[PDB]
Each structure stands twice: as C-alpha cells, then as structure tokens.
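Novice: Sharing the initial chains of the complex here, in place:
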Amino acid sequence: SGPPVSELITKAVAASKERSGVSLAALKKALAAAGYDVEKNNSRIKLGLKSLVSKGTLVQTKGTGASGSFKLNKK
Amino acid sequence: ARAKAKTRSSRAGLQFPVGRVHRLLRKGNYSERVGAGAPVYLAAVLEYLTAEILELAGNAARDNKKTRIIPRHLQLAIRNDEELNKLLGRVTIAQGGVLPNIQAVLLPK
Amino acid sequence: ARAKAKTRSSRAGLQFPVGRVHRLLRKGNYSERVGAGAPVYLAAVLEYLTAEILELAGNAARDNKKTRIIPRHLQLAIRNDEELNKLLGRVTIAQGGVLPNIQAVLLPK
C-alpha cells in the first residue's frame, strides 16, 4: 500500500528543478531510484499525469497533454 | 553380332536419362564438344536434387495426411530448406503460394 | 588476278571491326550459324554506345577542364544518364568512385 504515487511524482519533479521542464525519462528514473514498478504502472502514471495537469497544481512547460515536459507552477 | 543394348543410366545406376541430358547439352550449344563424364555427373546431380526435394515433398504431404503431391508441397519443400532457398530464392513456384512466414512483431501479444 | 582488299566495316561505314565481332561470335559459340547482317548490326549498336559514352565523357572532362578522360569522368558519364544506369545497374567501375550524391536530409538546416 503506502502513500499515493502522485506524491512520489510531486517530490520527483521537485527534486531536480531544471530551467526547462522534466520529461518522462528523468521522471520515471527518479521513481526507479525512489522505488516503483514503472513497467507495470504506465497506465497509473498516465492517469496521475492527467490528474496533476488537469487540476491545476502543476503546469506543462512546452509539451501537450501528458506528452512533453513539466515544471512547477508560479506558486 | 551387335551387343545387347544397355542404358547409360543403368550403367551409372541412375534413373535420370544420360541420353536426354547429353543430347540437351550437345544441342543446347554450350561448348564445341562435351566430355563424357559430364552428363553422367549432371544426371547424378539432378537425380540427387529431385530425389531429396521429393523426399521433403513426400514427408510434408504425409504431414498433411495426403498422399499426392500438389505444388504447395513443392513450395513447402523448397522454402523450408535454407540451402535450397539459397539456390532458389528468385524462382517462383506456380500455385505454390507462400511459405507460412509471419513476423513475430506483427503477431499480437 | 585478285580483288583489292576491302573491309566490311568500311563497306558499312563503321569503324568497329565487323570481321572481329563476327569472329568473336563464331568462336563465342552462341549458335552454329550467324546471319551476315548480325555482326555489322552489333558493331553499329556498339559504335553508337561508345560514341554516346565518349561524348558524355568528353563533356565531363571539359567541365573538369582536363584534356584526357579519367575513370572519374566515366563514372560521372554513366551515373548522370538514366538509360545508361538502366544498362549498367550492376556494374563496377575501377577508380570511378561514386556520383556526388548527398541526400537532402544530410545537408544542414
């Protein structure tokens, strides 16, 4: 069980903070370093990405939808 | 007082006609003259080739529980041997169709 | 007592030798008989081929401003002609290299 995976996504994207947004490669390897079944949870991380983009906490840098790269919002 | 007429196919123990292949070489205009062992060697080569591809054809037909060879059996004979396929990659069999050959990537998961 | 010696090529107004191609066809063993128009026809075809290719080589050498042809000129002559590539798709030219052929994506921007 444990905490929800969206929190893991938030800490993974807040860990790096590049000038540009973080794409899915560095995100999925950040989860792999933190510890996650990234191979069997592509749909789970896809719905997590859709949830975090749609609700407005996180903003997309240059990509469209779940494609592309992602940064933190203004506040 | 002529001797009894034997056949060169029986002389070399072959089933292919040494006479017909020799005539086809002599009248096919491939050299001015032909050494005598060459048609015998040729008939032996074709006899072995036809024999083993009929081996594959008969075994494939017995695998498909039919006793009579259709050209599908010949396609299945030739295309299932790599070395014959190196011999006959560019050759089309009439009504043989295609060897069962499906790429694994386009097969589903 | 004898007719003056007159070659068949000058009779045809061709400068590839008709007797040479006739000789090489007779001892090339393609048939036991050859029609009299056949070697002069073949020599005419070859003379048109060589005249065309030496015209292309001469223009290529003039554009490379060199007086004598080089196999680079012959490679440029063959590759810049469509039907010659149709004729010699499977032909290697010694020290001819390749035609300058850079794909559009390889260029920058």
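Specialist: Sure, I can see it. Numbering: from 1, shown residues only, chains lettered A, B, ... in the order given.

Novice: Please give the element, helix or strand, for the residue lying closest to residue B:39 once chain neighbours are set aside.
Specialist: Using CB to CB, 6 or more residues apart in numbering or on different chains and skipping residues adjacent in sequence, the residue nearest residue B:39 is residue B:22, 3.9 Å away. Backbone N, C-alpha and C define where each C-beta goes, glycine included. According to DSSP states H and E, residue B:22 maps onto helix B:18-27.

Novice: hey, C-alpha coordinates of that helix in PDB?
Specialist: Listed next in PDB are the C-alpha coordinates belonging to helix B:18-27 (Å, rounded to 0.1, in the frame of the first residue of the first chain):
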ATOM      1  CA  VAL B  18      22.000 -39.900 -69.500                       C
ATOM      2  CA  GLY B  19      21.000 -39.800 -73.200                       C
ATOM      3  CA  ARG B  20      18.500 -36.900 -72.900                       C
ATOM      4  CA  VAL B  21      20.700 -34.700 -70.700                       C
ATOM      5  CA  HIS B  22      23.600 -35.400 -73.100                       C
ATOM      6  CA  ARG B  23      21.500 -34.500 -76.100                       C
ATOM      7  CA  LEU B  24      20.300 -31.300 -74.400                       C
ATOM      8  CA  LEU B  25      24.000 -30.400 -73.700                       C
ATOM      9  CA  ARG B  26      25.100 -31.300 -77.200                       C
ATOM     10  CA  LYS B  27      22.300 -29.400 -79.000                       C
END
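
Novice: Centre of the chain to it, how far?
Specialist: Helix B:18-27 sits 17 Å away from the centroid of its parent chain (CA atoms, centre = their mean, to the nearest Å).

Novice: Tell me which residues are up against that helix.
Specialist: Contact with helix B:18-27 is made by B:7-9, B:11-12, B:34, B:38-40, B:42-43, B:46, as judged by CB atoms under 8 Å, 6 or more residues apart in numbering or on different chains.

Novice: And for the residue nearest to residue B:39, the neighbour number?
Specialist: Around residue B:22 sit 18 other residues, with neighbours defined as other CB atoms under 10 Å in any protein chain shown.

Novice: Here is chain D, add it in:
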Amino acid sequence: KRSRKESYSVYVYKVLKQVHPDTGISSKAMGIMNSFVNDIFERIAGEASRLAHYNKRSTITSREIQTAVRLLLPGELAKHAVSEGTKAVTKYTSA
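Specialist: To build on what is shown above, here is chain D added in:
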C-alpha cells in the same frame, strides 16, 4: 497423331517411387518438377560454358561440371552432389 513432346515426367515418377513408393503426384507438380529440371540444367550448362571459355576449353568435362556445381550449389549440398556424382562416374567407368 502428334509429334512426341518430351518431358522428364517418367524419371520424376521413377525416383518418386524409388524414394516413396506409397505416394502420388499431380500434373501441376509434375510441370513444376519439369521446370526445375530445365532451370537447374540450364544454370549448370551456363556455368560450364563459362568455365570452358575462360580456360579456352573446347570440351566440358566432369572436372568442368564439378567446378560448376561447386560454384552454383551451396555448401554441403555441393559436397553431397560431388559424392553422388563421383560414385556415379566411378560406377560408369566400371562399365
């Protein structure tokens, strides 16, 4: 009547019954085998002519056609063909 039109059908039948007495054959497959015999024969004849002309040979011998098999026939098929032809020519030379 008609003029006799030649084919290798009887010899294909003979080797077929030799290696598989129990099986049958169709006419379309028979034509395929006749085309196969014609094709392999003309290939070997062409290579034999080229080897004869390159050595300026006015005859094609068992050496020439053996060479032509080694050129055309790939690998262990060629070695078995050499073995079969060698056995055949030794039996023929034994009269």
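
Novice: let's see the contacts of helix B:18-27 again after adding chain D.
Specialist: By CB under 8 Å, 6+ apart, helix B:18-27 touches B:7-9, B:11-12, B:34, B:38-40, B:42-43, B:46, D:6, D:8, D:41, D:45, D:60.

Novice: From those residues, keep the buried residues only.
Specialist: Listed as buried from these are B:8-9, B:11-12, B:34, B:38-40, B:42-43, B:46, D:8, D:41, D:45, D:60; burial here means 16 or more other CB atoms under 10 Å in any protein chain shown.

Novice: Select from those every entry located in strands.
Specialist: Among the buried ones among the contacts of helix B:18-27, DSSP state E puts B:34, D:60 in strands.

Novice: farthest pair in the buried ones among the contacts of helix B:18-27?
Specialist: With CB to CB as the measure, no two of these lie farther apart than B:11 and D:45, at 22.1 Å.

Novice: so what's the residue nearest in space to the middle of chain A up against?
Specialist: The centroid of chain A falls nearest to residue A:9 when counting by CA atoms, centre = their mean (4.4 Å). Counting by CB under 8 Å, 6+ apart, residue A:9 touches A:27, A:31, A:45, A:48-49, A:52.

Novice: out of the residues you listed, what pair is the most spread apart?
Specialist: Every pair of the contacts of residue A:9 checked by CB to CB; the farthest is A:31 and A:52, at 13.8 Å.

Novice: Which residue lies nearest the spatial centre of chain B?
Specialist: residue B:50 (2.8 Å).

Novice: My read is that that residue contacts residue D:14, right?
Specialist: No - Residue B:50 lies out of contact with residue D:14 (CB atoms under 8 Å); the separation is 10.2 Å.

Novice: All the strands of chain D, in order from the start?
Specialist: Counting by DSSP E, the strands of chain D are D:24-25, D:59-60.

Novice: touching chain B at all, the last one?
Specialist: Yes - if you take CB under 8 Å from any CB of the partner chain as the test, strand D:59-60 does meet chain B, through D:59-60.

Novice: Can you list the helices and strands that that strand packs against?
Specialist: strand B:33-34, helix D:27-54 (3 or more CB pairs under 8 Å, 6 or more residues apart in numbering or on different chains; DSSP states H and E).

Novice: now for chain E, put it on the one above:
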Amino acid sequence: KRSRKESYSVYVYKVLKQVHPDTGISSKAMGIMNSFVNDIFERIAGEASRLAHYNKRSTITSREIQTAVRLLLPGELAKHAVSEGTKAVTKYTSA
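Specialist: Okay, here's chain E dropped in alongside the others:
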C-alpha cells in the same frame, strides 16, 4: 618473346577522335571501355543465343539482335541503335 593480347584500343581511340578530336584518354579509363564493350557484347550475344534457342532457329540474323536490343537496352538508346543498325545493314548490302 611476348604473345599479343587483343583489345579494342585503336577503335575506341578512333571513335573518340571522331566524337572529340581534342580530348585524350588515360589507360585505366581505356580499360574501362574495353570491359564495357566486352560486357555489352556478352549480354547481347547471350540474349541472342537464348532467342535462337527459343524459336528453334539455328542462326542469329540481324533481326535476332534487333529483338535483343529492344530487350536489354531501353527506349531511346534501343531505337536509335536500331536506326544505326538499319542504315548500317542497308549500306552493307549496298556494298
């Protein structure tokens, strides 16, 4: 003592000077032209031999090579070689 090796030297040099009087040759390019004439001769002669085999004619006439030049050479090159050979054989019959 050396034995003569025959080639197409003075003929290709003649057709060159007729097509370009002021353009020279290298020896390597000259070998390329020798190999070209040999290769095209082999292609036409072999195709003609197969044609004579097909129609059971024992001879290669000008019509056999006319067939072969429509076969191997495509289009403009073929028909203009046909025209050259046609006027060539008419001049040959007129001499």
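
Novice: Chain E added, so what about the contacts of helix B:18-27 now?
Specialist: Residues outside helix B:18-27 that contact it (CB under 8 Å, 6+ apart): B:7-9, B:11-12, B:34, B:38-40, B:42-43, B:46, D:6, D:8, D:41, D:45, D:60.

Novice: same deal with stretch A:51-59?
Specialist: A:6, A:9-10, A:13, A:60, A:65-66, A:70-74.

Novice: Point out the residues in chain D that sit beside chain C.
Specialist: D:49, D:53.

Novice: one step back: name the residues of the helix holding residue B:22 that come out as buried.
Specialist: B:18, B:20-22, B:24-25.

Novice: one step back: filter the contacts of stretch A:51-59 down to just the buried residues.
Specialist: By 16+ other CB under 10 Å, those give A:6, A:9-10, A:13, A:60, A:66, A:70-71 as buried.

Novice: I'd like those as a markdown table, with secondary structure appended.
Specialist: Compiled in a markdown table, these are given as follows (DSSP: H, G, I helix; E, B strand; the rest coil):
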| residue | secondary structure |
| --- | --- |
| A:6 | helix |
| A:9 | helix |
| A:10 | helix |
| A:13 | helix |
| A:60 | strand |
| A:66 | coil |
| A:70 | strand |
| A:71 | strand |
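
Novice: Within range of chain E, give me the residues from chain B.
Specialist: So chain B meets chain E at B:28-29 (CB under 8 Å from any CB).

Novice: what about 10 Å?
Specialist: B:27-30 (CB under 10 Å from any CB of the partner chain).

Novice: Select from those the one having the most neighbours.
Specialist: That'd be residue B:30 among the residues of chain B next to chain E, by other CB under 10 Å, with 23 neighbours.

Novice: tell me the contacts of that residue?
Specialist: B:24, B:38, C:29, D:42, D:44-50, D:52-53, D:60, E:49 (CB atoms under 10 Å, 6 or more residues apart in numbering or on different chains).

Novice: before we move on, what SS does it have?
Specialist: For residue B:30, the assignment made with three-state DSSP gives coil.

Novice: separation between it and residue E:53?
Specialist: 11 Å (CB to CB, to the nearest Å).

Novice: Spell out which residues are contacts of both of those two.
Specialist: residue D:42.

Novice: Fine by me, thanks again.
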